[PDB]
Amino acid sequence: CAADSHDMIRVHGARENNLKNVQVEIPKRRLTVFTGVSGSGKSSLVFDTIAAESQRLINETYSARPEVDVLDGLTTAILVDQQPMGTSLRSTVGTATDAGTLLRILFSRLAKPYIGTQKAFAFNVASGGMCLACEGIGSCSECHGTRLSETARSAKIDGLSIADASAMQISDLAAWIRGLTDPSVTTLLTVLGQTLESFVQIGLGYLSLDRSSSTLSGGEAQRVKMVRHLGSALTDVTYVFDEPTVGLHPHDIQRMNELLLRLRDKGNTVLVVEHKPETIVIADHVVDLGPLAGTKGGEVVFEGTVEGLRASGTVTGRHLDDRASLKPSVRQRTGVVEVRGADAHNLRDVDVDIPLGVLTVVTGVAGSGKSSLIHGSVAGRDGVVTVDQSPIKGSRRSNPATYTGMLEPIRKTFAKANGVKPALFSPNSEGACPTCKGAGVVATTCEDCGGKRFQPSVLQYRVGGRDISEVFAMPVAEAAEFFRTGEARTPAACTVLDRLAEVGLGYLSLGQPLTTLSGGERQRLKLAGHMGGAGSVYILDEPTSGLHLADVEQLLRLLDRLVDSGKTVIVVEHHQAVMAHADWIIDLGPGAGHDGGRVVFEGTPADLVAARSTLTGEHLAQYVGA
Amino acid sequence: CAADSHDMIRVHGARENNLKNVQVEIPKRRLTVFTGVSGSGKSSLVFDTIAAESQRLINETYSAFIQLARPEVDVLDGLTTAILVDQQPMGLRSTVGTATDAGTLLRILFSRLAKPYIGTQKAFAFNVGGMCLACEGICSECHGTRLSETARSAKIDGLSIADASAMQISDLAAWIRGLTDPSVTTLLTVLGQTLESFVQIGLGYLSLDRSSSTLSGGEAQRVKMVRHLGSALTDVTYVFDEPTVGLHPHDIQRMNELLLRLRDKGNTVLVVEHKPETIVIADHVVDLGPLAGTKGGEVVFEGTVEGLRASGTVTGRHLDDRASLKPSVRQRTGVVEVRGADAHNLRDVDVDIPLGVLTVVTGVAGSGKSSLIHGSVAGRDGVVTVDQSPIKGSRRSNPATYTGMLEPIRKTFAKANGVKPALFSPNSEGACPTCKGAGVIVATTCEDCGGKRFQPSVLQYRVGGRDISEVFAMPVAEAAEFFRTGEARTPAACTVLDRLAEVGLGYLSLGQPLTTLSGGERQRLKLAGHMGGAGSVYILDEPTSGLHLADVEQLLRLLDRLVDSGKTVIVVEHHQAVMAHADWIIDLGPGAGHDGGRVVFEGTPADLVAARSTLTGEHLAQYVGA
Ligand SMILES: Nc1ncnc2c1ncn2[C@@H]1O[C@H](COP(=O)(O)OP(=O)(O)O)[C@@H](O)[C@H]1O
Ligand SMILES: Nc1ncnc2c1ncn2[C@@H]1O[C@H](COP(=O)(O)OP(=O)(O)O)[C@@H](O)[C@H]1O
Ligand SMILES: Nc1ncnc2c1ncn2[C@@H]1O[C@H](COP(=O)(O)OP(=O)(O)O)[C@@H](O)[C@H]1O
Ligand SMILES: Nc1ncnc2c1ncn2[C@@H]1O[C@H](COP(=O)(O)OP(=O)(O)O)[C@@H](O)[C@H]1O
Ligand SMILES: [Cl-]
Ligand SMILES: [Cl-]
Ligand SMILES: [Cl-]
Ligand SMILES: [Cl-]
Ligand SMILES: [Cl-]
Ligand SMILES: [Mg+2]
Ligand SMILES: [Mg+2]
Ligand SMILES: [Zn+2]
Ligand SMILES: [Zn+2]
Ligand SMILES: [Zn+2]
Ligand SMILES: [Zn+2]
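Reading the values: rules and limits
Residues numbered from 1 in each chain as written, not as in the entry; some residues may be left out. Chains lettered and ligands numbered in written order. Heavy atoms only, no water. Residues with missing side-chain atoms left out of burial classes, pairs and counts. Helix = DSSP H or I, 4+ residues; strand = E, 2+ residues; numbered from the N terminus. Rg over C-alpha atoms; globule rule 2.2 N^0.38 Å. Buried < 20%, exposed > 50% of the residue type's maximum accessible area, 1.4 Å probe, protein only. Areas by Shrake-Rupley, 256 points an atom, 1.4 Å probe, with all protein chains shown as cover. Axes fitted to C-alpha atoms, helices over the stretch in contact; angles between N-to-C directions. Parallel < 35°, antiparallel > 145°, perpendicular 65-115°, else oblique. Left-handed = near helix turned anticlockwise from the far one by under 90°. Contact = heavy atoms within 4.5 Å. Nonpolar A, V, L, I, M, F, W, Y, C, P; charged D, E, K, R; others polar. UniProt positions renumbered as here; feature names shortened; annotations may be inferred. Domains from an automatic or database assignment. Buried area = accessible area lost by both parts, 1.4 Å probe. Salt bridge = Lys/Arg side-chain N within 4 Å of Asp/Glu carboxyl O. Near = heavy atom within 4 Å. Polar contact = N/O pair within 3.5 Å; in protein donor to acceptor, adjacent residues only side chain to side chain. Donors = N, O, S within 2.8 Å, 3.2 Å for Na, K, Ca; no water. Tetrahedral: all angles 85-135°; square planar, octahedral: opposite > 155°, others 65-115°. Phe/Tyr/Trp six-rings, centres within 6.5 Å; stacked < 30°, edge-to-face > 60°. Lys NZ or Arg CZ within 6 Å of the ring centre and 35° of its normal. 1 Å grid on protein atoms, 1.4 Å probe; cavity = no way out; pocket = protein on both sides within 12 Å on 5 of 7 lines; lining within 4 Å. Points joined across faces, edges and corners; volume = space filled by probe spheres on them.

### A look at the overall build of chain A
Thinking step 1. Across its full length, chain A carries 23 helices and 19 strands.
Thinking step 2. The C-alpha atoms of chain A give a radius of gyration of 26 Å, which matches the 25 Å a tight globule of 626 residues would have.
Thinking step 3. Viewed in the frame of its principal axes, chain A has a C-alpha envelope of about 80 × 65 × 55 Å.
Thinking step 4. Burial status across chain A gives 56% buried among its 626 residues.
Thinking step 5. Here chain A has roughly 25300 Å² of accessible surface; of this, 50% comes from carbon and sulfur atoms.

### Quick notes on the packing of helix α3 (residues 101–113) of chain B against helix α7 (residues 185–200) of chain B
Residues and elements named next belong to chain B.
Thinking step 1. Direction vectors running N to C along α3 and α7 enclose 150 degrees, while the axes themselves pass 10 Å from each other. Here α3 is positioned roughly antiparallel relative to α7, judged by the angle of their axes. Between α3 and α7 the crossing geometry is left-handed. Only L187, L188, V190, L191, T194, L195 and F198 of α7 make contact with α3, whose side of the interface consists of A102, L105, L106, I108, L109 and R112.
Thinking step 2. Residues that form the contact of α3 with α7 fall into these classes: 11 nonpolar, one polar and one charged.

### Structural notes on the UniProt feature "binding site: Mg(2+)" (unreviewed entry) in chain B
Residues and elements named next belong to chain B.
Thinking step 1. Per the UniProt annotation, the sites labelled "binding site: Mg(2+)" (unreviewed entry) are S43.
Thinking step 2. Structurally, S43 is set in helix α1 (residues 42–59).
Thinking step 3. What makes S43 partly exposed here is its relative accessible area of 41%.

### Digging into the UniProt feature "binding site: Mg(2+)" (unreviewed entry) in chain A
Thinking step 1. Listed under "binding site: Mg(2+)" (unreviewed entry) in the UniProt record, and renumbered for this structure, are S43(A).
Thinking step 2. Relative to the elements of secondary structure, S43(A) occurs in helix α1 (residues 42–59).

### Things to note about the domain arrangement of chain A
A common way to state how big an interface is: give the accessible area lost once the parts meet.
Residues and elements named next belong to chain A.
Thinking step 1. The domain boundaries assigned to chain A delineate domain 1 (2–83 + 216–319), domain 2 (98–214), domain 3 (336–383 + 535–623) and domain 4 (395–516).
Thinking step 2. Summarising the inter-unit geometry, the C-alpha centres of domain 1 and domain 3 are found 31 Å apart.
Thinking step 3. Taken residue by residue, the interface counts 17 residues in domain 1 and 19 residues in domain 3.
Thinking step 4. Summed over both sides, the interface between domain 1 and domain 3 buries roughly 1500 Å², with carbon and sulfur atoms accounting for 60% of that surface.
Thinking step 5. Together, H249, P250 and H319 form the three largest contributors to the area buried by domain 1 at its contact with domain 3, with a combined 36%.
Thinking step 6. Counting the contacts that link domain 1 with domain 3 gives zero salt bridges.
Thinking step 7. If one sorts the elements of the side of domain 1 that touches domain 3 by residue count, helix α11 (residues 315–319) sits on top with three residues.
Thinking step 8. Here the side of domain 1 that touches domain 3 is built from residues that sort into six nonpolar, eight polar and three charged.

### Some details on the site of ligand 1
All names here are of chain A.
Thinking step 1. Of all residues adjacent to ligand 1, which total 15 residues, the nearest are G39, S43, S44, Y507 and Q512.
Thinking step 2. Within the side chain of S40, one N or O atom sits 3.4 Å away from an oxygen atom of ligand 1.
Thinking step 3. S43 is positioned with one of its side-chain polar atoms (N or O) 2.7 Å from an oxygen atom of ligand 1.
Thinking step 4. Here ligand 1 loses 80% of its free accessible area of 560 Å² to cover by the protein chains.
Thinking step 5. Grouping the constituent residues of the shell around ligand 1 by class yields three nonpolar, 11 polar and one charged.

### Some words on the coordination of the zinc ion (ligand 13)
All names here are of chain A.
Thinking step 1. On the protein side, the zinc ion (ligand 13) has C433 (SG), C436 (SG), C446 (SG) and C449 (SG) as donor atoms, found 2.3 Å from it.
Thinking step 2. Coordination at the zinc ion (ligand 13) is tetrahedral, judged from the four donor atoms that bind it and the angles of 105 to 114 degrees they form at the metal.
Thinking step 3. What makes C449 buried here is its relative accessible area of 13%.

### Quick word on the packing of aromatic side chains
Thinking step 1. Following the criterion strictly, the structure yields 10 aromatic pairs over all chains and no others.
Thinking step 2. Counting every residue linked through ring pairs, the aromatic cluster contains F107(A), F121(A) and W176(A).
Thinking step 3. One residue, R453(A), lies across the ring of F472(A), its end atom 4.5 Å from the ring centre.
Thinking step 4. Over the ring of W584(B) we find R332(B), and its NZ or CZ is 4.6 Å from the ring centre.

### Looking at empty space enclosed by the protein
Thinking step 1. Here the largest cavity defines a volume of roughly 50 Å³.
Thinking step 2. As for the largest cavity, its lining consists of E274(A), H275(A), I280(A), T316(A), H319(A), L320(A), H548(A) and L549(A).
Thinking step 3. Here the lining of the largest cavity is composed, by residue class, of three nonpolar, four polar and one charged.
Thinking step 4. By volume, the second largest cavity amounts to about 40 Å³.
Thinking step 5. What lines the second largest cavity is simply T35(B), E273(B), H274(B), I279(B), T315(B), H318(B), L319(B), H548(B) and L549(B).
Thinking step 6. Class assignment of the residues belonging to the lining of the second largest cavity gives a composition of three nonpolar, five polar and one charged.

### Structural notes on the pattern of salt bridges
Residue and element names in this part refer to chain B.
Thinking step 1. Inspection of every chain in the model, using the stated rule, returns 63 salt bridges over all chains.
Thinking step 2. Taking the shortest distance from any N to any O, the salt bridge between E149 and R152 comes out at 2.9 Å. With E149 and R152 both in helix α4 (residues 149–153), this residue pair falls three residues apart, about one helical turn.
Thinking step 3. Taking the relative accessible area as the measure of exposure, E149 reaches 53% and is therefore exposed.
Thinking step 4. Across the pair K526 and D387 runs a salt bridge, and its minimum N-O distance is 3.0 Å.

### Looking at the site of ligand 3
Residue and element names in this part refer to chain B.
Thinking step 1. Residues in close proximity to ligand 3 total 15 residues, the closest being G39, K42, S43, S44 and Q512.
Thinking step 2. Here an oxygen atom of ligand 3 sits 2.8 Å away from a polar atom, N or O, in the side chain of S43.
Thinking step 3. The residue inventory of the shell around ligand 3, partitioned by class, reads three nonpolar, 11 polar and one charged.

### Things to note about the domain arrangement of chain B
Thinking step 1. Segmenting chain B into domains produces domain 1 (2–89 + 215–318), domain 2 (96–213), domain 3 (335–382 + 535–623) and domain 4 (394–516).
Thinking step 2. Computed over C-alpha atoms only, the centres of domain 3 of chain B and domain 4 of chain B are separated by 39 Å.

Shown next as C-alpha cells:
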C-alpha cells in the first residue's frame, strides 16, 4: 500500500558546506546517531539540510533552501538544540514552560485573598502582576528581585506567594504541590504535579521556576525544552538533537539515553548528533561523516548499524573503544588560590585551595555547584582569563578572520600586491556589496553579490591566483599553507592561523559568520585569540563540547603546553578523558542543589580512583578499567 | 513495536460548540470524509478540535520570539502536523505568480536566459528590483504589468516576463516546454512540472499575473493544493473544506484522484464533504448529526462507505438522491438583454436572460460565468447581488448585530429591569474591558470575563428567566420562540429570526462571531437581510456551497417561493439538483479560458438533456438517468 510505503527519509545529492554530494537513508520512527570528527559535516547534514528543508516546506504553507537534489520522506522537524528558549530580560524557566502558566492558574484559583485571573500573577503584563518600579525585570528594592507587585505577592496558598513558589527547587515545588488538598483544583494539581515530576525525572529538579532563561547552560536549555516534547501528544515528527549528553555527569548519561528512546517510542524520528560512545551504542542506525574535517571530510564513510560501525575502520569506528589512562605522575603546585566562605547559590560556605601551575579539573553532577564555585570565587580575580561558550558581540558582522585580527595583514598583502589601498578589501569599501559585506543576509546567501562580498571591481585583484572572496571561503587549514610562501606570504596571518589550527579549528572558513559557530567553537576561537600571553589563570567551562575523542587528545596537548609554559589551567568538565589527565580534581556534591554545594573530594586522580568514594570517583575508576 | 504503533488519531471527549462528548478513531495515512448536514458539527470536530490542537502543539515548540487555546476535548492522541487547505484567500502586491513556486522559478529562468542581462531573479520582481517606480508595483508607464522598462526589456524569444505572466498557465507550460538551452535543462523541467500540475488540477486558465484577491475560494484552495502535491512532506494531516467547491460535474473525478494522490504520498487526508461522488472514495467516514445545532453534534455513523450507505442516517438516506427535471417550467415575463459582453474571456456575447423564472448559469470553471453575470447583469437597477464575500468589521459583529435585532432586545432588557438599553451594549462601562464579544484577537475565549461579555452585576438583569449573556448563546431557532410570546416578547427580533430560519440558519447563535461563518453562511445571512427589501432580480453565486443534499432540498423550496412571489432568480451553479430544478439554463463553454467564453447552450433543462451536446448536458443527462 503506497500510503504506508514512505518509511525512510531519503537524501540524495546533498552539498551544503563541505558535504560531497552525499546520500543517506534514515529509518523513520527510529533513533539515528550522526557521528564523525568535529567539522566533518554532521550538522551540515542534520541541521542545514534535513531540518532546514522540513522547516522551509512548513514555512511555505503559512499565510503570514539548502543545496540538495532530492529529499524524500521528510516530516516536520523540531529542533531540540542548545540555544536559549527566550533571551529577553523577562524570560524564566517558568515563562518558557507549561509549569509557570499552570502555577499562575493554580494561584488565581486558590490563593487568598483573591486578586484576579492568572494574569494578576504574571510579571510580563501590567494594569496585571508586574512590579511597576522595575517593570517585571527585577533589577530592584521594591520587589527584591521577584519581579512582582505587592498585590501579586499578597495572595498566598498556605503561606506561600507565587514568588516563594517560583524561588524553590522544582523538586521542592513538586513536593509542595503533592501536599495540597483542595477539591476545587484536583485536576490542575495532578497536571502541574506531573509536569514538575517530569522535570525531576530528566534531572532538572535543582532548577527553580524563577531562573532567568539566559543563565541556563546550553544543556539545561535543551533539557528544559525536552520536558515539553516528552509531554506532547505530537507524533510522526522528527526531533533533532545537538549533543544531548552536554552538561551531563557520567552517572546521568543512561537516564538521557532512556529519554531519547522514550521520545522515539512515542512514534517519532529521533536524530542525534553525538560523540559519546555510551549514547552512540543505543542507536538503531548510524551515519558517520568523515574521513576527517572540512575539505577532508563531508563524506558518509559509514552507514548502518552500531555493530557495522565498530567493524568499519573509520576514524570513529577505530576510536569507539578508546578510554584514557591516568597520568603516571602529576605536576606539583607553584602556589595556591585560597577560596574562603564560598556561598553563591547552593554553596555550603566552601573553603578550598586551588593549586596554581597545574591542570585542575572541577567535577560533580549537574547542579552540584561547579560553576557557582569557580565563577563566584576565582573568575573575578586579577590575571584570570575566563574563556566560555557565550555569544561573541557583533557576530552578524564578523567572522574568524576579523575576530582574530588576521584580516588586516591579509588586506595589506592584497593592497601591496595590486597597487591599491588596504581599505578597498574591507566592510567599508567602495567596492563592498551594498546589501551585506558578510555575503549572507536566518542567515542566507546574499543575492546581490552571490556570496562574493565585493563587487567585481575588487575581485579582479588577486594574490597567489586567488581573490579576496576565495580567501574568505578558505578553511584555516588551507589558508595556513596559502599564506606561508610565494606572493601571498603573510607572516602575521600565519601566526593566528597556526593558533586556530592548534585549538582544533582548522576546518573553519576565514569568512564563516560567527553566528554559525557552536558554543564549543566559539570557546575555542576565543581560546585561540587569547593565546599569545596576557594573563596566567585560564578558566574553561566544558571545553570538550562538540569534540570527538580524536579531537580531545589535541585539546589535552594544547592544555599541557599552556600549563608547562607557566600558566594555571582550571577546567570544569564531565569528560572523563580530561579528568584522567588532570594533576588535581575538585569534586562537587554529593548531588545537585541542596543535596550538593560541598567539596566531596579534593586530590589527585589516582587517589580519586583508589577511593571510588564519590559518584565521580566511581565512574572514573570504571572508565580507566580499574 | 511501540514506535510503529501510533497509527490512529484518537479523539475522546470532544465538546467544542455543539459536539456531544464525541469520540472517533481516524486512521492515519488514509482519506477520512466528514459528512452531515450544515451545523451538525463537522468543522467543530475537524477544524476547531483536530487541526487546531495539532497547530497549538507545533506553535508551542517555536521560540518565544516566533510565538491558540486548547480546544475543549479530553484526549487527543496520535496527532501529526496539520495543514489547512481551506477556501480562505491568499491576499495587494500578491498574484498567483508571487504566491507560488512558479513565479519564483519564472524569474530565475528570465535572469539566466533573457537578453539583455539585467540582473538576478529579483530584477524581474515587482516587490527596488523590477518594480515600476511610477505605480510602485500595483498605469501609463508600464501598461498594468507592474514592471519597469528595464524589467520588460529582457527577452526570451521575443517575450518579456510580463508577457509570460499574462498568458494562461496552460500556454505558458507549452512555451516553457519549447525552450531548449543546455544552460537551464533542469530549471525548465522543474518549472514545466509545477505548471503541468496547475494544468492537471484544472487551473490552466489562470494567468500568473492574476491578482490573488480576485480568486474564488475554490481557486484559492486549488492554488494551495499545487504546493502540497509538489511538497516532499510526509506524515502530515492535510485538512480540506469541501474541495469540490467551484467544480463542474465533469471535473470531480480529477479532484478525487488528486486527494487520493496526496494520501498515497504518505499523508492523512481529512475532507469535509457533501458530494456523494467524493464521499464514496473514502477509506473511512465520520457522519455528524442527527441534524443541526442542538439536534446535532453527535457521531451518528463511523465506518466504511458501504456502512454509511446502509446506515439510515440523514446522510446515508440521501446518498443516492438524484433530482429529476420538472414536468414543466415557468414562462418568462420579460428579458434582460445582454449585448456585447466582453469582460475577460467573453466573446462579445449576446444573450437574453429570462425575467420571472429561475435561471441557472452553468459551464466549467473558467468558462466565463461570473465574467458574464457580474460584468453584464450585476450593475443594473433592482438587481441584488448576494455573494459569499466577507462582511465589514466581522471581528466586532454577530448575527444579532448585523441584522439590527440586538437594539430591540436591549430595550426589552432595559424596560423590564428599570435600567437603560446602553448597560447591555458594547459601549457600556459594565461590558468586559478587553472584549464585549467574549473572544479576543484567530478567535479565542476572553480571560478577563471568561466568555461572559459583561460583569456579573449586568447579568443580574433578566427577562424570561434569561440574562443577556444567555441570549447571545441561544440558537436562532430557540431565540425565535423566546422572543415570540411572554415577558421577553420582542416582535422586531422575531421577524428577523424567522428569516434566518428560512435560509437554513436556525442553528446559528445570536452572539456567534461573524468571522466564524463560512462563505455559504455569510451568503445565506445576507440573503435573509435582503428578502424584506426592494429588489426584483437576485443573483446567487453557488448558493449550494456548504449544503448537504438535505439542506439543498430546503434551499430549492426557498428559491421557488422567491420566484413564485414575482422575483427573478439567477443562480450560478455546478450542483446538478439545482440545474434539474431550473426554468432555464445558460451554459458557457465549450471549455475554460480562451476555449470558453461563448454561450454554448440556452434552453430548458429538458432541452439541454435531450440535446446532450455540451459537457453540462452530457453530465446532466447522466445525472437524471437519461
Ligand atoms: N553556515 C556555514 N557557513 C559556511 N561554512 C560552514 C557553515 N557551517 C559549517 N561550515 C563549515 O562546513 C564544514 C562542516 O561543518 P559542520 O557540518 O558544522 O561540522 P560538524 O557538525 O560535523 O562539526 C566545516 O568546514 C565548517 O567550518
Ligand atoms: N543564576 C542563578 N540563579 C539562581 N540559582 C542558580 C543560578 N545558577 C545556578 N543556580 C543554582 O545553583 C545550584 C548549583 O548550580 P551550578 O553552579 O550552575 O551547578 P554546576 O555548574 O555544577 O552544574 C543549582 O541548584 C542551580 O539551580
Ligand atoms: N466559533 C463558534 N462559536 C459559537 N458557535 C459556533 C462556532 N462555530 C460553530 N458554531 C455553532 O456550532 C454548531 C456546529 O457548527 P459547525 O461545526 O460549524 O457545523 P458544520 O461544520 O457541520 O456546518 C452550529 O450550531 C454553529 O452555529
Ligand atoms: N479578475 C480577473 N482578471 C483577469 N482574468 C480573469 C479575472 N477573473 C476571471 N478571469 C479570467 O476570465 C476567464 C473566465 O473566468 P470566470 O468568469 O471567473 O469563469 P467562471 O466564473 O465560469 O469560473 C478565465 O480564463 C479567468 O482566468
Ligand atoms: Cl566555571
Ligand atoms: Cl581585522
Ligand atoms: Cl456519479
Ligand atoms: Cl432523512
Ligand atoms: Cl443603566
Ligand atoms: Mg555546524
Ligand atoms: Mg464551523
Ligand atoms: Zn521590582
Ligand atoms: Zn552581498
Ligand atoms: Zn507602472
Ligand atoms: Zn471579555
